[PDB]
Amino acid sequence: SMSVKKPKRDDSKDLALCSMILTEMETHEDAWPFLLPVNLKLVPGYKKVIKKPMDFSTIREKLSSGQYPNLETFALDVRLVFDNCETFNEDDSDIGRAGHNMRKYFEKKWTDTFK
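1970 is the number that the deposited numbering gives the last residue of the sequence shown; the numbers go up by one with no jumps.
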């Protein structure tokens, strides 16, 4: 509350470390469904169904231009990419499996880097 604060967690490396995580997600062999925005002209149903499209290139541009206020807003967008994937793709599909694999990969790096 006013003039009463928990000790200051060092957040000065968060930007760099989120960048490194994102690099590792970009270079994973199963990243291909997530590298670029879904083409809303060419994929029937996506625009109406997926209210907030998100992809790695869009996260990279937001990161690089100071559009994440903190490391949690960054994780929310990464998780959005996987939530959208599960919304639109059957579990038993190449893209559906890619999404589960990438979410696992992300969550481990996130815990190891920050928890």
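Positions of the beta carbon are idealized from the N, C-alpha and C atoms, including for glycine.
Based on Cα-Cα distance, which residue from the options lies nearest to residue i?
| i | options | result |
| --- | --- | --- |
| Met1957 | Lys1868, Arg1864, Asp1938 and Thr1968 | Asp1938 |
| residue 1971 | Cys1940, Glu1916 and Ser1948 | There is simply no residue 1971 to check, as the chain begins at 1856 and stops at 1970 in what is shown. |
| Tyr1960 | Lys1861, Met1857, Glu1879 and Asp1910 | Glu1879 |
| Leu1872 | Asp1947, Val1904, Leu1918 and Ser1912 | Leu1918 |
| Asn1944 | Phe1911, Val1898, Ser1856 and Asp1932 | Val1898 |
| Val1936 | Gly1921, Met1875 and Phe1911 | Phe1911 |
| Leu1877 | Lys1970, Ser1948, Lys1963 and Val1933 | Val1933 |
| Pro1908 | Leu1890, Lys1863, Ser1948 and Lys1963 | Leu1890 |
| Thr1913 | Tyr1901, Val1893, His1883 and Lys1868 | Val1893 |
For residue i, which residues in the same chain have their Cβ closer than 6 angstroms to its Cβ, ignoring the five residues on either side in sequence?
| i | result |
| --- | --- |
| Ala1953 | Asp1885 and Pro1888 |
| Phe1929 | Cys1873 and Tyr1923 |
First and last residue of the alpha helix (DSSP H) that includes residue i?
| i | result |
| --- | --- |
| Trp1887 | Per DSSP, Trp1887 belongs to no alpha helix (DSSP H) and is neither H nor E. |
| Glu1916 | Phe1911 to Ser1919 |
| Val1904 | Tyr1901 to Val1904 |
Using three-state DSSP, classify residue i as helix, strand or coil.
| i | result |
| --- | --- |
| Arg1958 | helix |
| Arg1952 | helix |
| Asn1939 | helix |
| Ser1874 | helix |
| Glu1879 | helix |
| residue 1972 | With the chain covering only 1856 through 1970, there is no way to say anything about residue 1972. |
| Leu1926 | helix |
| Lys1896 | coil |
| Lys1970 | coil |
Taking 7 angstroms as the line, does the beta carbon of residue i fall inside it for any heavy atom of the ligand MG?
| i | result |
| --- | --- |
| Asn1925 | In terms of ligand content, the structure shown is empty, and the ligand MG therefore cannot be addressed. |
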